[PDB]
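So the protein lines, in turn, are chains Cy, Do, AZ, Cz and EI. Position 306 of the first sequence, counted from 1, bears residue number 306 in the deposited numbering, the numbering being contiguous throughout. Position 33 of the second sequence, counted from 1, bears residue number 141 in the deposited numbering, the numbering being contiguous throughout. Position 30 of the third sequence, counted from 1, bears residue number 396 in the deposited numbering, the numbering being contiguous throughout. Position 354 of the fourth sequence, counted from 1, bears residue number 354 in the deposited numbering, the numbering being contiguous throughout. Position 14 of the fifth sequence, counted from 1, bears residue number 27 in the deposited numbering, the numbering being contiguous throughout. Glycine residues also receive a C-beta, built at the ideal position from the N, C-alpha and C atoms. Working notes for the structure below.
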Amino acid sequence: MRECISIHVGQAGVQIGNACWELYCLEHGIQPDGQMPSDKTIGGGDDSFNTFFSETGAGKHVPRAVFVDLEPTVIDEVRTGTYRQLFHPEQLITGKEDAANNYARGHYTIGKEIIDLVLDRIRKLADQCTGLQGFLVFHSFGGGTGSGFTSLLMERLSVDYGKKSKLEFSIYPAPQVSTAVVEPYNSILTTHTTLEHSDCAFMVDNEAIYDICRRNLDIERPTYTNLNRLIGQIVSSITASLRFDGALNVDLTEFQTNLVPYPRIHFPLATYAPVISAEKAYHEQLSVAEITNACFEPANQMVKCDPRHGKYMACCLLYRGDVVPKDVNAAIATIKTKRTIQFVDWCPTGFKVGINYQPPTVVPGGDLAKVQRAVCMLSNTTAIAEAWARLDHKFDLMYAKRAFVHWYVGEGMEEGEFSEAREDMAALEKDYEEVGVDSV
Amino acid sequence: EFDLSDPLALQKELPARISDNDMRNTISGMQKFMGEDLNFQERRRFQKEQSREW
Amino acid sequence: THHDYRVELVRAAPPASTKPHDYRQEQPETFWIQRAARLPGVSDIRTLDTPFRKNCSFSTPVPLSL
Amino acid sequence: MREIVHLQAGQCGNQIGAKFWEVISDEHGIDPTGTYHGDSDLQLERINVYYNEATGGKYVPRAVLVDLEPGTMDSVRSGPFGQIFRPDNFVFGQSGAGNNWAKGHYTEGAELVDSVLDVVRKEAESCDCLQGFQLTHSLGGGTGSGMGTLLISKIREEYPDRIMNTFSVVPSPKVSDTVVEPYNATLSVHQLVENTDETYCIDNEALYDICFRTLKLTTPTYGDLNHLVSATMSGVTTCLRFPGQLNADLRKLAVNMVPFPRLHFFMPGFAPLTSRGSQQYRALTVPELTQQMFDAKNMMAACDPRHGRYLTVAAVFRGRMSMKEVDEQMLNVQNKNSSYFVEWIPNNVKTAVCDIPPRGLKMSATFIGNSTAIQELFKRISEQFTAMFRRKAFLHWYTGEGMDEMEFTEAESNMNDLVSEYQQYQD
Amino acid sequence: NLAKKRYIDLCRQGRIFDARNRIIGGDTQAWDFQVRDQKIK
């Protein structure tokens with residue numbers, strides 16, 4: 001009764017939900033045909049799958065997932081791949097023409113035909129969850145269905161469910177290497193729905209994950225699998241206290257309390273510490289004090305922001321494997337000695353620890369070495385206000401010559417949203433500077 | 109009550125834990141603790157062997 | 367440097383394993399793993415190959431059970 | 001005949017009390033199932049202080065376990081002695097608090113308070129002459145401190161003559177693991193001062209400073225921090241279950257400790273703890289036991305009584321031991337060191353001797369001390385409340401539960417009275 | 014009539030007091046035959 005329904009929006013959302021969900025089949029016992037082979041003579045004791053998987057009478061487990069796309073070519077690979085009996089046939093929603101790198105198509109014209117069907121499979125997957133923690137949102141800021149329709153997905157979910165948790169994991173655009181031109185018109189105009197209609201918000205950039213996977217692992221020339229695989233190792237470690245036993249257990253409600261001071265202010269940074277290769281797992285001991293301080297490194301963050309520019313508001317550690325409470329508490333005190341990490345004037349306590357038991361699961365065909373410890377850390381920092389400042393520049397640069405604007409205002413999208421949802425960002429960029437300034 | 113005022117009661121006495129395998133060291137007698145580790149070194153050694161083979 | 371500093375006739379090869387090791391499905395040993403039943407944070411043990419899976423059979427309510 | 005109804009709340013309260021019952025059940029010869037398998041006769045004579053009777057000669061404790069999350073009931077039910085508890089005594093809600101005093105006090109902990117008070121009123125009226133209650137909780141979490149003070153308020157409005165006692169684990173200052181804990185602890189001390197008879201202060205920092213310095217353990221855990229809290233949870237109530245040359249119950253130590261009804265925060269400590277290599281190098285005599293009650297390192301609070309004045313002092317001695325040597329050594333500590341003692345109380349020491357030691361031991365000793373060096377335990381909470389509160393830091397988590405900012409402002413100054421009430425007796 | 018009703022109520026008791034297989038289940042052996050016949054058609 002610790003359920004979470006995942007919602008995957010877009011080709012970024014779908015292809016992340018192919019790599020999250022082959023992790024959760026191997027993490028538990030479930031195969032691609034749905035059966036749990038260890039269910040015979042050992043049953044009832046393993047209630048760990050109940051967060052993500054749903055049982056039928058035949059011993060077949062069906063996920064709590066909804067895959068959404070506005071193009072047919074992405075989900076049709078999922079519909080006939082290896083995992084084609086794992087997913088219910090009606091949980092994979094597809095349109096006929098995509099939103100085509102355009103906010104207003106996926107919001108005002110083309111997304112109006114799928115919101116009536118998707119919002120009915122959400123009701124059927126939340127009328128069997130007796131206690132639902134909250135939804136999970138996997139989308140991309142830059143596409144058309146990932147940005148246009150998610151802003152219309154979230155806006156109904158405020159009304160439809162009220163005050164349940166709506167966590168989001170997004171792909172904010174990279175500040176240097178992008179794969180679009182109309183990218184900043186989308187990413188600006190969806191800030192006003194990740195501001196109101198999100199309860200927490202995690203914004204990784206795929207250029208930062210390229211830096212880690214080239215350097216910390218040894219995959220020169222990686223593809224999008226090795227990026228999806230690392231994102232799955234964070235969503236599991238956030239929810240690993242909902243399924244396996246822990247000395248200290250922290251829930252999705254419980255770090256919401258301990259990370260967001262004010263409800264305008266919910267944008268932390270995700271950093272998963274031991275990402276090393278199998279050859280360089282031979283040469284490195286991987287103790288508790290040695291991975292708890294690689295989270296804080298400005299070369300391992302998965303957003304292209306440096307936390308030395310700003311002040312930590314709160315932090316949330318998530319230890320896993322063979323740790324001890326005596327040593328989690330021993331290496332937190334080291335971080336507080338150094339000036340190079342500094343906390344804010346009004347947060348004297350600072351942290352929230354969580355200690356799990358079951359160590360993380362290696363994936364065959366994967367790349368990370370099989371280790372015995374890990375850390376996942378979700379810190380809230382004033383130095384995230386630079387990442388919207390390297391994209392403030394590229395909206396008004398293109399908008400001052402009024403380029404590409406006929407592709408939006410001919411879709412039934414009014415003109416005043418450009419001058420407003422940017423001046424929306426002209427106060428959330430000034431909100432973050434004042435909530436860090438030293439007291440009078 | 110001569111035993112309270114023996115001149116040699118300190119000689120004619122036993123410590124509360126002669127060795128780690130002694131019978132009178134229970135939970136309520138707070139000489140024996142659970143988190144002392146004598147299996148520490150062997151467990152660390154087999155951890156290193158397991159790491160090497162992985 | 368190759369001709370001068372070369373060292374041969376050494377006891378070559380890594381030490382023998384004395385057990386079969388596969389890195390795919392073998393988990394490291396820990397203080398926690400060797401002392402698994404006598405730990406304060408460990409739930410009911412009813413799974414093989416990993417003791418640390420959550421077992422919430424005692425705590426689920428009688429309305430909501432299997 | 002002098003029954004004690006145990007209450008215990010939260011993950012901290014359900015993991016302290018589970019080890020404490022493993023201490024008592026061995027002390028009275030009770031198996032993991034419940035049956036009596038002892039040897040002496042004194043083990044089965046005053047067992048009704050803590051144990052009821054079931055059918056077939058099986059004894060079940062008077063413990064009511066309280067929690068807001070359902071995951072610390074499975075930890076306790078399937079532990080070492082989890083089969084001795086009656087399953088109706090477990091109380092659990094299906095959603096937690098999550099480090100929040102308001103959800104503990106108003107929002108979530110008020111729908112669960114009216115089902116525990118139907119349990120405790122069934123266990124408190126089933127005693128022939130109920131001596132009092134107990135509590136075990138922590139001032140850092142949500143259900144230990146939020147609803148854990150809602151319960152005490154309902155008890156002392158319903159059974160005012162009976163004794164209410166608390167073993168508070170107040171939050172550790174410098175090994176801390178919650179940002180939002182000083183809101184919980186500052187809001188919870190007004191409810192301690194008006195509704196408790198006694199209250200003990202425990203810091204988990206000063207339970208680590210025993211296990212590193214004194215016992216020289218390699219890898220301590222929380223199983224060896226609960227192992228020490230139960231050592232002094234049983235020495236306070238050992239003259240109620242076993243006879244002695246001089247008795248003292250939970251009330252006689254309360255009569256003799258508090259001079260004014262707002263000054264009841266104490267500092268326990270347990271004497272014969274010996275490191276494993278130094279075990280054979282020590283002998284068990286009387287001055288070996290009063291050199292480690294009164295040693296300032298030994299105390300189970302992270303505050304030092306050399307900075308303040310001992311208002312009164314207790315001592316509980318267990319064993320078969322001499323009444324002259326008991327009495328002459330407590331005059332001895334009063335006279336060498338007479339600036340750590342208040343002037344206006346001439347004798348500051350209460351003493352009690354019980355005969356039946358802990359199992360496998362010859363002698364033992366316990367302490368309870370009242371200090372003006374415990375107003376240094378609240379000013380390190382006040383400095384980290386108004387540093388954080390003056391910029392309205394985590395306030396939206398608390399005010400949106402149905403509170404007001406003036407409710408904070410009174411809990412500033414009601415705890416700041418106890419800083420300055422205690423201060424005028426150092427003058 | 015009476016023996017038929019008594020055997021029917023005993024087998025009904027046996028098939029309903031399996032608590033899992035009452036509130037959930039199906040007939041996989043019949044459903045394989047049905048999908049085979051539909052493929053043939």
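Contact list for residue i against chain Do, beta-carbon separation under 7 Å
i: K370/Cy; result: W162
Inter-residue CB distance, residue i and residue j (contact presumed, cutoff 8 Å)
i: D199/Cy; j: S158/Cy; result: With a Cβ gap of about 11 Å, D199/Cy and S158/Cy do not count as contacting.
i: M363/Cz; j: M321/Cz; result: 6 Å
i: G10/Cz; j: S138/Cz; result: 6 Å
i: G34/Cz; j: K58/Cz; result: 4 Å
i: residue 441/Cy; j: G59/Cy; result: The structure shown does not extend to residue 441/Cy, since chain Cy is modelled only from 1 to 440, so the question has no answer here.
i: residue 460/Cz; j: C201/Cz; result: Absent from the model: residue 460/Cz. The displayed extent of chain Cz is 1 to 427, so no value can be given.
i: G27/EI; j: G57/Cy; result: At roughly 17 Å, the Cβ-Cβ gap does not stay under 8 Å, so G27/EI and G57/Cy are not in contact.
Terminal residues of the alpha helix (DSSP H) in which residue i lies
i: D67/Cz; result: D67/Cz -> not in any alpha helix (DSSP H); beta strand (DSSP E) instead, spanning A63 to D67.
i: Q47/EI; result: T41 to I53
i: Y208/Cz; result: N204 to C211
i: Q155/Do; result: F148 to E161
i: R121/Cy; result: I115 to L125
i: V116/Cz; result: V113 to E123
i: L152/Cy; result: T150 to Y161
i: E183/Cy; result: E183 to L189
i: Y310/Cz; result: First-last for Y310/Cz: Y310 to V313, but that is the beta strand (DSSP E), not the alpha helix (DSSP H).
i: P63/Cy; result: It is not in any alpha helix (DSSP H) - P63/Cy instead sits in the beta strand (DSSP E) that spans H61 to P63.
i: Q26/EI; result: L15 to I29
i: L418/Cz; result: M415 to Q423
i: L253/Cz; result: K252 to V255
i: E434/Cy; result: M425 to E434
Those residues which DSSP pairs with residue i across a bridge
i: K154/Cz; result: Answer by DSSP bridge pairing: none, since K154/Cz is not bridged.
i: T35/Cz; result: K58/Cz
i: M363/Cz; result: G319/Cz
i: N380/Cy; result: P268/Cy and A314/Cy
i: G369/Cz; result: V313/Cz
i: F133/Cz; result: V5/Cz
i: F202/Cy; result: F169/Cy
Cross-chain neighbours of residue i in chain Cz, by beta carbon under 7 Å
i: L112/Do; result: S322
i: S198/Cy; result: None at all; the shortest Cβ gap to chain Cz is about 16 Å.
Chain-ordered neighbours of residue i on chain Cy, where CB pairs are closer than 7 Å
i: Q400/AZ; result: Within 7 Å Cβ-Cβ: nothing; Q400/AZ doesn't reach chain Cy, min ~10 Å.
Limits of the unbroken beta strand (DSSP E) element including residue i
i: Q8/Cz; result: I4 to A9
i: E168/Cy; result: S165 to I171
i: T271/Cy; result: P268 to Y272
i: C129/Cy; result: Unbroken run through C129/Cy: none, as it is neither H nor E.
Listed by chain order, chain Cy residues near residue i by CB distance under 8 Å
i: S383/AZ; result: Near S383/AZ there are no residues of chain Cy at all, since even the closest Cβ is about 15 Å away, more than 8 Å.
i: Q384/Cz; result: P348 and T349
Under 8 Å from the C-beta of residue i: neighbouring residues of chain Cz
i: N329/Cy; result: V175 and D177
i: residue 441/Cy; result: An answer regarding residue 441/Cy cannot be provided, because it is not within the stretch 1 to 440 covered by chain Cy.
Beta-carbon neighbours of residue i, restricted to chain Cz and to distances below 9 Å
i: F397/AZ; result: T219
i: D47/Cy; result: Ordered by position in chain Cz, no residue passes the 9 Å Cβ test against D47/Cy, which lies about 11 Å from the chain.
i: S409/AZ; result: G71, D74, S75 and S78
Below-9 Å beta-carbon distance, residue i vs any chain A residue
i: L116/Do; result: The question asks about chain A, but that chain is absent: this structure's protein chains are Cy, Do, AZ, Cz and EI.
Interface residues of chain AZ facing residue i [CB-CB closer than 9 Å]
i: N147/Do; result: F397, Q400 and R401
Closer than 8 Å at the beta carbon, the chain Do residues around residue i
i: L273/Cz; result: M138
Would you call the segment 6-22 of chain Cz in contact with the segment 215-230 of chain Cz, where contact means no fewer than 3 C-beta pairs closer than 8 Å?
yes
Using a Cβ distance threshold of 8 Å, determine whether the segment 125-132 of chain Cz contacts the segment 398-418 of chain AZ, with at least three qualifying pairs required.
no
Cβ contact (3+ pairs, closer than 8 Å) linking the segment 368-382 of chain Cy and the segment 262-274 of chain Cy
Result yes; three or more Cβ-Cβ pairs closer than 8 Å.
Could you say if the segment 113-133 of chain Cy and the segment 1-20 of chain Cy meet the contact criterion of at least three C-beta pairs nearer than 8 Å?
yes
Three or more C-beta pairs closer than 8 Å, one from the segment 151-166 of chain Cz and one from the segment 346-363 of chain Cz: is that the case here?
Taking a cut-off of 8 Å on C-beta distances, the segment 151-166 of chain Cz does not touch the segment 346-363 of chain Cz, as fewer than three cross pairs fall below it.
Should the segment 332-347 of chain Cy be called in touch with the segment 402-416 of chain Cy, which here means at least 3 C-beta pairs below 8 Å?
no
Indicate whether the contact test is met: 3 or more Cβ pairs, each with one atom in the segment 196-215 of chain Cy and one in the segment 302-315 of chain Cy, closer than 8 Å.
yes
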